[PDB]
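Student: got an experimental structure here, sequence first:
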Protein chains: 2
Amino acid sequence: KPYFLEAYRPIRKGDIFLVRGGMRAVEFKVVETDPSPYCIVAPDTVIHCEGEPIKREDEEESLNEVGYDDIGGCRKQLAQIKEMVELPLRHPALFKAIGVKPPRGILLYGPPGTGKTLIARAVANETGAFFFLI
Amino acid sequence: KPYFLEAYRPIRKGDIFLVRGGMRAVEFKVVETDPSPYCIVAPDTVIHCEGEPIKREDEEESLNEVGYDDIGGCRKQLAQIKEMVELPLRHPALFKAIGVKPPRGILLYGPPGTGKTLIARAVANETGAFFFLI
Ligand SMILES: Nc1ncnc2c1ncn2[C@@H]1O[C@H](COP(=O)(O)OP(=O)(O)O)[C@@H](O)[C@H]1O
Ligand SMILES: Nc1ncnc2c1ncn2[C@@H]1O[C@H](COP(=O)(O)OP(=O)(O)O)[C@@H](O)[C@H]1O
């Protein structure tokens, strides 16, 4: 109710709109909309208190995963990495269309607790590339 | 006799009131009280000489285990450890009820013969958590 209030948030059936409170981030999927396809939420809509844990479908990647929005203070090097390794993953057929040598090894050095593995996992999640840890 | 003397100690059947002397601490359990449930002790009560070793019940934890009363001179560090590890050990469900990171590793540095394992055992006995030694 606080979230929908003063908002008139548009919403389509199946959306995963997320709410935050009680220092926890819970996302509620709208399963059914009486009109279709989408609807505005109005304060005059009776509200429906069910609270059942329907398990998430396998195919979607949970919102639990990290992204570029979960890191701060390393914008310059983050942009460097993004521009360095954006083409070989989103455009490999290109790299087979041209004769050029891409990088095949990267080193990151800094004091511990600076967000290195976090950066690697964020980059992996944000391009769909398979991630392996050693 | 000297302990009940000048005392009128309140006493209920089954209590483990402890007596100390002869450079040893022995506790005598009252198994029978002629009136019930509790009573005061009086100098005019004849006394009974039995002195038989009935073995202690399994479920109760003996008085041999160390408590905070056995450690003095380290009040600050003991208070720090208590305030640090009271919640996770005695309120596990809460930490699942909120998103926060508890500590799962502690180091204690000091010269030998200062009572570090003593403190660990005292805390373990005072919170009822299982204790393992390596
Ligand atoms: N740049 C950053 N922005 C936000 N959080 C960070 C950053 N760097 C480290 N952290 C925090 O550090 C934790 C992970 O540490 P990590 O980076 O794995 O250590 P290491 O640097 O040894 O790999 C995360 O919980 C994260 O919140
Ligand atoms: N408050 C106290 N502080 C330090 N030592 C104590 C205290 N009370 C008793 N002791 C003594 O500490 C000894 C045990 O210390 P110990 O466990 O060997 O410490 P450490 O493991 O650090 O060497 C006992 O023999 C006991 O007499």
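Tutor: Looks like it arrived, so ask away. Residues are numbered from 1 along each chain as shown, chains lettered A, B, ... in the order given. Ligands and ions are numbered 1, 2, ... in the order given.
Student: show me what from chain A comes close to chain B.
Tutor: A:22-24 (C-beta under 8 Å from any C-beta of the partner chain). For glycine as for every other residue, the C-beta is placed from the backbone atoms N, C-alpha and C.
Student: in a helix, residue A:121, correct?
Tutor: Yes. Counting by DSSP: H, G, I helix; E, B strand; the rest coil, one finds residue A:121 located in a helix.
Student: quick check: it vs residue A:65, distance?
Tutor: 8 Å (C-beta to C-beta, to the nearest Å).
Student: what do you get for residue A:105?
Tutor: Taken as C-beta to C-beta, the span from residue A:105 to residue A:65 is 25 Å.
Student: who has more neighbours, the two?
Tutor: residue A:65 (12 against 4; other C-beta atoms under 10 Å in any protein chain shown).
Student: so that one is in which element?
Tutor: For residue A:65, there is no host helix or strand (DSSP states H and E).
Student: the residue nearest to it when sequence neighbours are not counted: what's it in contact with?
Tutor: Ranked by C-beta to C-beta, 6 or more residues apart in numbering or on different chains and with sequence neighbours excluded, the top spatial neighbour of residue A:65 is residue A:125, at 4.8 Å. Counting by C-beta atoms under 8 Å, 6 or more residues apart in numbering or on different chains, residue A:125 makes contact with A:61, A:65-67, A:131.
Student: separation between residue A:65 and residue A:108?
Tutor: Counting by C-beta to C-beta, the gap from residue A:65 to residue A:108 is 20 Å.
Student: kindly report the same for residue A:37.
Tutor: 45 Å.
Student: which one's more surrounded, the two?
Tutor: residue A:108 (12 against 8).
Student: which one is the more buried one nearest to, not counting chain neighbours?
Tutor: Using C-beta to C-beta, 6+ apart, the closest residue to residue A:108 is residue A:116 (5.1 Å).
Student: same deal with residue A:127?
Tutor: Residue A:127 sits nearest to residue A:89 (C-beta to C-beta, 6+ apart), 4.9 Å away.
Student: so the one you found: helix, strand or coil?
Tutor: Relying on three-state DSSP, one would call residue A:89 helix.
Student: mind checking which helix or strand the nearest residue to residue A:86 once chain neighbours are set aside is in?
Tutor: Nearest residue to residue A:86, sequence neighbours excluded (C-beta to C-beta, 6+ apart): residue A:127, at 7.6 Å. Under the criterion of DSSP H and E, residue A:127 resides outside all helices and strands.
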